[PDB]
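**Q** My questions will all concern the structure given below.
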Amino acid sequence: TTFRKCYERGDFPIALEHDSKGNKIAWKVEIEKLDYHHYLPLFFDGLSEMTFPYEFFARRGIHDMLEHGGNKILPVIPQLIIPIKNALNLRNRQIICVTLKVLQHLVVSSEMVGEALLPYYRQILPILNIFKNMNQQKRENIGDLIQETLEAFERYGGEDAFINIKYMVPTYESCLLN
Amino acid sequence: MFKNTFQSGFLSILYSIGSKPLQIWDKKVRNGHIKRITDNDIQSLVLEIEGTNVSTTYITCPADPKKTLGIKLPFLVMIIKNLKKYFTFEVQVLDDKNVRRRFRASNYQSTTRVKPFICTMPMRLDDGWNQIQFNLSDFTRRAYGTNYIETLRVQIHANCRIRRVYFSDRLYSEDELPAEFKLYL
Amino acid sequence: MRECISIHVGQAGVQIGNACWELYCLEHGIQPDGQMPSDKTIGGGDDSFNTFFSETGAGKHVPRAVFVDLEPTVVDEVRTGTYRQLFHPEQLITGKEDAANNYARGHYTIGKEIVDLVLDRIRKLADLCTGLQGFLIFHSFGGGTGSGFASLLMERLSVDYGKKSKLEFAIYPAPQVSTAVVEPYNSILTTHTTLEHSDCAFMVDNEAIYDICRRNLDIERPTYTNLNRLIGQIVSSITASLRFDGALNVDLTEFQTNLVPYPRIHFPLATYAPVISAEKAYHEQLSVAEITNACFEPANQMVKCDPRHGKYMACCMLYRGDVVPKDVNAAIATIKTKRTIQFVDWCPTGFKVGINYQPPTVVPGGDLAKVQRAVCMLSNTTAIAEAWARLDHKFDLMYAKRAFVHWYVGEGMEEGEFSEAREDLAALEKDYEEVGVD
Amino acid sequence: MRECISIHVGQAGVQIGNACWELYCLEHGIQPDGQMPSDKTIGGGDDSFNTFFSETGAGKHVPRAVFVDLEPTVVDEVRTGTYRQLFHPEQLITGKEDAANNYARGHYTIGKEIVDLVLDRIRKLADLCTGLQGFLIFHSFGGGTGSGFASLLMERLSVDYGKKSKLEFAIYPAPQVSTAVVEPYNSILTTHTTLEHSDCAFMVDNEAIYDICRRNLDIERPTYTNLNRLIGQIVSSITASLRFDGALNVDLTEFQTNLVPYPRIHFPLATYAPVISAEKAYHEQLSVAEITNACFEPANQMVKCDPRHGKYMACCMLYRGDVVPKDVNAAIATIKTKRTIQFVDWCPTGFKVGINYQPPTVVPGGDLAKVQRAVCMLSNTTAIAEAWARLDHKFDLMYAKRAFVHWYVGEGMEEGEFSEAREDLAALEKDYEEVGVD
Amino acid sequence: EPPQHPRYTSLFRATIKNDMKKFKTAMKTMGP
Amino acid sequence: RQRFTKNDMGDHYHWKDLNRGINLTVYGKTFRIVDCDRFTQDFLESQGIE
Amino acid sequence: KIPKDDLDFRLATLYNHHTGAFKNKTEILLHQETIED
Ligand SMILES: Nc1nc2c(ncn2[C@@H]2O[C@H](COP(=O)(O)OP(=O)(O)OP(=O)(O)O)[C@@H](O)[C@H]2O)c(=O)[nH]1
Ligand SMILES: Nc1nc2c(ncn2[C@@H]2O[C@H](COP(=O)(O)OP(=O)(O)OP(=O)(O)O)[C@@H](O)[C@H]2O)c(=O)[nH]1
C-alpha cells in the first residue's frame, strides 16, 4: 500500500513509549499547526494497512487528532470516505473491529458530522448492513459493536437518518420512539 | 537511487572538485565536448559542456534509465556561469496521481507551453556566475493543480559552465551555507 | 446536415483532389456537363449529394471545395481541362510565384495578402452550410510550396473555429527517397506547427503504393493517374459512411474520439485490403476472413513500419460491401485469439467496426476490380517512432554543418524555430515509448 | 467435405496432370470456359464437382491443383493453350533455371526461394477447404527437374502436417532404357529421402505401357497423348469412389490401413484390366470372370516383375460399372481355388473389394473402347525387388569409376550420402527378404 | 560396424547379369 | 431499400409482370403507373413488353 | 504449427518493410532456419 511506503520514506515526526505488555505513545511535532488536510487521510490509510508496527501508529493517532482537533474535519470528509470503504472491502475481522471502534469515536468526536455526512451513507452502510449478525473481555463481539455504532449514529444523525439506515438494514430498529 | 539516504539536510548531486564525478550522469557527446578547466574569477576547475547543437549533446541523471531518482525535496539550486549561448534542462517527476510529468526549462523559449505531459519555461538571466532556484510543488500546483511527490530523472543540455547542482527542502538563507556554498569571487 | 468542405493546396496536392472529385461525380452519376440525364434528381438539393455538392435550384451541382495554389501552371491546366464548367470559377485561386521550397517564404512573404480572400470564401461557404462538421485538408508535409501556407491557414482556422473536428491527409516524406534535401526542414516545421492544433492526421507514402502496384496489381510502371485513383477510392470509402448507410452508421467525431487516446498522438495508419486486378478478381474469390488477414498483412500497409516491432493500441475498420455481422465478429475473435500480434494491455476492446452495403465504385478505364466486398482499415500503433528516428538522425548532421540556412535567415527567420522543433520531436518519440511501456 | 489437393512438378510431370484435368472436365460436363449451362448449378463450389473444384459464386470451377516448374517452356505453352482462362494464374508457378538432372542442385541451389511461394499456395487452399483428406503429388524419380525439389517440399509438408495422408505416383526408372545417365544417382537419392516419410507410392514403367499399347490396343506408333490418357483413366478409377457413390464405398484411409502390413514397405502395383481396341471390344465380350483373369495375367502388369518369382500378401479390387456381389464373390472363390497364384500363409483372406455404379467415360478423340465393366486392381507382393536389384549395380559401377561426382562436389556435396543410400536400399531389401521368407 | 548386407542373389547376379550381356552382338554390326 | 411482396406466399415483383397502365397494392397504400423515361422504355421494348 | 497466411507472413519474412524497398514478391516472402536459414 501507499501510506506504508510514504512513512518508510518518512515525513511524520511521531515519538513513542513502550513497556513489557501494554501500550503508550508520544510525538515530536504537534498536529494542529502542521495539518489536518494534507495528512489526515494519508495517515488514515494506515487503518486499511495491517502490519507491525504501523498499526500502532494508525490505531492510536486516529484517535489522537480526533481528541485534539475538533473544528477542522469539516471539509476533509469526502477524502476520509475512501480508506473507510477500502478497509471494509479488505474483509478482516480484527481490522474491521479496530475500524468500528475508531469510527465510533469519529462520530461522537464533534458536531455537524452527521448532517454533513448526509450524502455519505450509501457507501459506508450497506457492507455493514450485511455485516450485521454473522456472530466484554476486550470488546470483541462484532454484532454488539455494530448495534452500538448504529445507536450512537442515528440519534445524532438527524431525522430521516433512521429511515435511510432502515432502508439499508431491514432488521434495523428505532432508538428514538420504541 | 539512494532512497535509503536522508532527504534531510542538503543534496549535492554533482560537485566539480569530485575526482570522477560522472557515474550516474550518462553523457551523450555529439559535435561537442566535456572539459574540466579552471576559471579566472573563482580560479578553480569547473565543468564546460559545449556542442554545435544542444539537442545532440546533453548530460542526464540517473545513468541507468531503468532506475529512478527518489527525492522528496522540492527545492533545487544550480550554480551556473552564463556563457552567452543556448542552454536548457529537463526534470521528470511522479505526482499525486501516479502519472509521470516533465518540466522543460529552455533558455531560448519564446513562449510558455503547457502540454498534458510536460510544462515549458523560458530562461532569461544575467551573465557571469549566477544561480538557479525552483520549487517543484510550486510549479506543479500552479500549472497542473496536482501535488508534487517525488523526482524520477533529470537531464541537462550543453552550453554551460558548471560548479554544482544541489537540492534542498526549503528556501535556505545565505548564512547557513557552507564556505564552498558561500561562493566568492 | 452531414455536409463539410474540401480544401486543396499545392500542385502535388491538386491532382489527387481532382481525381477524388471525379470519383465523387462517378457514383451519383454527375455528368461532366453539370446536369443529369432526363432522369430527375434536381430540386432544392436534398439527398446524398447535398453533402458534397450544392445543387441549388439552378440545376448545377456546386462542389463544396476550394483549390488554391501559388504556381498558376496546374491551376490553369485544370481551368482549361474537362471539368472546368463544373468547378466554380474563382474557387480556383492562383498565385504568381513559387515558394522555392522555403517554408517561411510560403508563410510570411506572400501568405499575408491571400489569406483574406481564402477566408472570405470559406466564410461564404459557412453561410450556405447548415451543420458543417468540418473540413477535409489536402496538403503535404514536405510541401514544396503549400506547407507553410497550409500551416498558417490551419492555425487561423483553429483560432476562429474551435468547435469542429479536422481530418487531414498529408503525403509522408519518402523515408529513403529524397526529392530534395529541403524536405526534412520544411517537414519538421510543418510538424511543430500542426501537431498542436491538428485533430486527426493520416500519413501516406508513395514508395509503398508504388511497390503495391508492382506487387499484386502487377503493374511495373505505375503512375500518378493510378495512385491518385487509389487514394480517391480510399477517401470515398471513408465518406461512404456519411453518404450511404447500412446496418449501423459511424462518424468522424467517433473516429477521433475512439481512435486518438490522448492529446498529441493522433496519427493513425491506413490500409485497403482487396487491391487486385480485374482479371484476378474475375475468377478468384473474396471473403471476410482472408480480406481481414490481408489488412493485417505487412505488405498491405502504406507506412514503412514493422507491427512486429511496434505494438497495437487502437483499430477501426469500415466495411463497404454486401456482408453479414457474424462471420465478421468470428474472424475478429480469431484475431483476438492470435498471439504474435501484440495488443497493449490497456483496451481489451480495440476495434471500431462500421458497416455499409453500397458497393465500392469502379472507374471507367480502371485497374481496380469489380468489388463486392471491401474493408478499409485504420490503425494506431507504436511502430512509427522509428521513422522519426530516421528523419532526426538525417536532420542532425546537415543542421550541424548548417547548410543552406542562409536562405531562411536572409528571408528573415532565426534558429529558434529549428531549436523548438528538435526537442518537440524528441518529446514525441519519448512519450510514444512511454505509453508503450505498460 | 471429401476432397484432396494436387501438386505437379518436373517438366514432364505436368502434361499428365494437363491430361487428368482435360479428363475431369468431360465427366463433370465442365466446359473450358469454366461455366455450366443455364441450369441452376452454381454455388460456392458445392455439388458433385465439389470434391476437386471450388466454383465460387463467380461460377467458375477452380481445379485444386498447383503446377510448379523450374523452366518456363511447357508451363507458358499450356498458359497459351485452351485452359489458361480456367486456371488460377499464379497457381502456375515459374522458375528461371533448369536443374540439369542434378538432385542436389535443385535441392540446394534454387529450391529455397520458390518453396516459400508454393507453401503459400498450399495454405491458401488449405484455408478455404474443410475436410482435406490428402494430397496427390506427381513427380519423377529420375527427375529432369523433379527429384530434389519434390524431395524438399515433401519433407516440409511431412514436418508441417502430421494429420493427413500423402500419395506419391510416378514413372519408374526404365529397366533397360537410359534416357539420362544420372538416373541411378537421382533415383536412389529420392528413394532414401522418401522411405522415412512416404505413405503410398506407385511406380509405373513407360516401356511396359508401350508394350501393352503395341500388344492389344492395336497401336504401334504411340505418344504421350495416349500414355497420359491411360494414366488419367487410372486416376479417374481411383477417385471415382469420392466422385460418386455405390453399394459400398472405400476411402484412402481404407487403402492405407488394409494394403500395407508394416511400416517401411508400402509400395504396391496397379493394373487396369479392360484395355482393348475399339473394334476388338466391338466383336468380343467382357464380364467379371474373364476381366479378372486378364487383370491377374502376369504380362498385363506394368512392371517387369514375374509374379511366379514371388508370392502375394494383399490385393484390392475396385469395380466401376454394374456388377453384382454374387458373381464377384463366386469369381474370387474360383481365383482362390486356382493353384497358380500363391498367397503368403499369414492371411488366407487377402481381398478388399469395392463397387461404384458410374460407368467409365470415353474421351472425345480418344482411343479407348465403350467399356461398361472396369476393374482396377492393386496388389502388394514380393516380386518387386527385381527392379531395385537391377538399379543398384548400375549405381555401384558408376560409383566405382566415380564420374560426375565432380559435378556434385562442385555444386557442393560429399559422397557419404550416396554411401548411406546404398545400405539404406539394402535395408529396405532385407526387409523384403524377411517378409518373403516363410 | 554395421556389416554389409549381402546383395541378394534372387537370380539377377546369376540370371539378369548374364542375360544383359548375352542378348548383344554390338561392336560388330557396323563393320570392322 | 428492400424487396417487395406482391402476394402472400413471398413472391417478388419481378419486372416480367410490370407494364404501363398498371395499378398495384403495396403494403396497404396502392398506386398507379402513369409513364416512364427513355432508357426505361427502350430496355423494356428490347424485351418486348407491349 | 502455422494455421494460415497470417502466421506465415508475420512470422517469417526478415523483410524489414521499413528497411527494404524496390524488391520483388519472392524476396518479400522469405523464411528463416525454418527452411535452412
Ligand atoms: N500529393 C501528391 N504528391 C506527389 C505526387 N507525385 C509526387 N508527389 C510528391 O509530392 C511532393 C510535392 O511537394 P512540393 O513540390 O513542395 O509541392 P508545393 O509546395 O505545393 O509546391 P511545388 O514545389 O512547386 O510543387 C514531392 O516531394 C513529391 O515527392 C502526387 O501525385 N500527388
Ligand atoms: N511424367 C512424364 N515423364 C516423361 C514424359 N516423357 C518422358 N518422361 C520421362 O520422365 C522423366 C521426366 O523428368 P525430367 O526429364 O528430368 O523433367 P523435369 O525434371 O521436369 O525437367 P527437365 O530438366 O527440363 O527435364 C524423363 O527423364 C523421361 O525419362 C512425360 O510426358 N511425362
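One line per chain: the protein sequences are XJ, XC, AE, ME, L2, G1 and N2, in this order. All the letters of the first sequence, read from the start, carry residue numbers 54 to 188, 199 to 241 under the entry's author numbering. Numbering follows the entry's author numbering, in which position 177 of the second sequence is assigned residue number 177; successive positions increment by one, without gaps. Numbering follows the entry's author numbering, in which position 142 of the third sequence is assigned residue number 142; successive positions increment by one, without gaps. Numbering follows the entry's author numbering, in which position 337 of the fourth sequence is assigned residue number 337; successive positions increment by one, without gaps. Start counting at 1 in the fifth sequence, then tack on 19, and there's your number in the entry's author numbering. Start counting at 1 in the sixth sequence, then tack on 150, and there's your number in the entry's author numbering. Start counting at 1 in the seventh sequence, then tack on 64, and there's your number in the entry's author numbering. From the three backbone atoms N, C-alpha and C, an ideal C-beta is built for every residue, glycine too.
1) Against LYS72 (chain XC), what residues of chain XJ qualify as contacts under a CB-to-CB distance less than 8 Å, listed in chain order?
2) From the beta carbon of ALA85 (chain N2), is the nearest beta carbon of chain AE less than 7 Å away?
3) Could you list which residues in chain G1 have their beta carbon closer than 7 Å to that of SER38 (chain AE), in chain order?
4) Taking the CB atoms as reference points, tell me whether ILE234 (chain AE) and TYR272 (chain AE) lie closer together than 7 Å.
5) With distance defined between alpha-carbon atoms, name the residue in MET203 (chain AE), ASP424 (chain AE), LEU368 (chain AE) and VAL435 (chain AE) nearest to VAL114 (chain XC).
6) So, does the region 173–189 of chain ME touch the region 390–403 of chain ME, judging by three or more C-beta pairs under 8 Å?
7) By Cβ distance, which residues of its chain are closer than 6 Å to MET413 (chain AE), with the 5 residues on each side in sequence left out?
8) So with Cβ pairs under 7 Å, would you call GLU207 (chain AE) a contact of chain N2?
9) How many angstroms separate the CA atom of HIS90 (chain XJ) from the CA atom of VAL129 (chain XJ)?
10) What does DSSP give as the partner residues of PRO122 (chain XC) in its beta bridges?
11) Listing by chain order, which chain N2 residues have their CB less than 8 Å from the CB of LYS311 (chain AE)?
12) Would you kindly work out how many angstroms separate the C-alpha atoms of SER147 (chain ME) and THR292 (chain ME), rounded to a whole number?
13) Ignore the nearest five residues each way along the sequence and tell me which others in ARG36 (chain XC)'s own chain have a CB closer than 7 Å to its CB.
14) Need the endpoints of the alpha helix (DSSP H) that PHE193 (chain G1) sits in, please.
15) Suppose you measure from the CA of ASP158 (chain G1) to the CA of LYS336 (chain AE); what does that come to, to the nearest Å?
16) Run through the region 222–284 of chain AE for me and flag every whole alpha helix (DSSP H) of 4 or more residues, listed as ranges in chain order.
17) Tell me the DSSP bridge mates of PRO173 (chain AE)?
18) Can you give me the C-alpha to C-alpha distance between residue 441 (chain ME) and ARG320 (chain ME), rounded to a whole angstrom?
19) Within 10 angstroms of its Cβ, does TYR24 (chain ME) collect 16 or more other Cβ (buried), or is it exposed?
20) Let me check you understand the geometry: is the CB of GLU71 (chain ME) closer than 6 Å to at least one non-hydrogen atom of ligand 2?
21) Just to confirm the assignment, what range does the beta strand (DSSP E) spanning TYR432 (chain AE) have?
22) Considering only heavy atoms of ligand 1, does any lie closer than 6 Å to the CB of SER6 (chain AE)?
23) Just to check, is the beta-carbon of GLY142 (chain AE) closer than 6 Å to a non-hydrogen atom of ligand 1?
24) Tell me the DSSP bridge mates of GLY321 (chain AE)?
25) Leaving out the 5 sequence neighbours to the left and right, which residues in its chain are closer than 8 Å to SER151 (chain ME) when beta-carbon positions are compared?
26) Where do the N-terminal and C-terminal ends of the beta strand (DSSP E) with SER151 (chain AE) fall, by residue?
27) Can you confirm whether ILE92 (chain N2), when its beta carbon is compared against all beta carbons of chain ME, has any partner nearer than 7 Å?
28) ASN329 (chain AE): which of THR73 (chain AE), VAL353 (chain AE), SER198 (chain AE) and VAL344 (chain AE) sits nearest, CA to CA?
29) Using CA coordinates, which residue listed in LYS60 (chain ME), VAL74 (chain ME) and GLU3 (chain ME) is at the minimum distance from residue 441 (chain ME)?
30) Scan the region 93–112 of chain XC for residues whose Cβ lies nearer than 9 Å to a Cβ of chain AE and list them as they occur along the chain.
31) Alpha carbon to alpha carbon, what distance is there between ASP127 (chain AE) and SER140 (chain AE)?
32) Whole angstroms is fine: what's the gap from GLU22 (chain AE)'s alpha carbon to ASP161 (chain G1)'s?
33) Using beta carbons (cut-off 7 Å, strictly below), is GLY416 (chain AE) in contact with chain XC?
34) Tell me the DSSP secondary structure of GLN132 (chain XJ) in three-state form.
35) Taking the alpha-carbon of residue 445 (chain AE) as reference, which of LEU125 (chain AE), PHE135 (chain AE), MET313 (chain AE) and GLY436 (chain AE) has the nearest alpha-carbon?
36) Looking at C-alpha atoms only, which residue of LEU286 (chain AE), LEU132 (chain AE) and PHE138 (chain AE) is the closest neighbour of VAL371 (chain AE)?
**A** To lay it out plainly:
1) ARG62 and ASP64
2) yes
3) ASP187 and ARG188
4) yes
5) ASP424 (chain AE)
6) yes
7) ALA104
8) yes
9) 6 Å
10) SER106 (chain XC)
11) Going along chain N2, no residue has its Cβ under 8 Å from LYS311 (chain AE), so there is no contact; the nearest lies around 13 Å.
12) 36 Å
13) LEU45 and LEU47
14) 188–197
15) 45 Å
16) 224–243, 252–259 and 278–283
17) BP columns for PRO173 (chain AE) are empty, so no partner.
18) A query on residue 441 (chain ME) cannot be resolved here, the shown segment of chain ME reaching from 1 to 438 and no further.
19) buried
20) yes
21) Segment 416–436 is the alpha helix (DSSP H) holding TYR432 (chain AE); no beta strand (DSSP E) there.
22) no
23) yes
24) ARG373 (chain AE)
25) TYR103, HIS107, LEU189, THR190, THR193 and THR194
26) Taken as a continuous stretch (DSSP letters only), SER151 (chain AE) belongs to no beta strand (DSSP E), being part of the alpha helix (DSSP H) at 146–160.
27) no
28) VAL353 (chain AE)
29) Only positions 1 to 438 of chain ME appear in the structure, and residue 441 (chain ME) is not among them; the question remains open.
30) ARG100, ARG102, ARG104, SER106, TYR108, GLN109 and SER110
31) 29 Å
32) 40 Å
33) yes
34) helix
35) Residue 445 (chain AE) is absent from the structure shown; chain AE starts at 1 and stops at 438.
36) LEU286 (chain AE)
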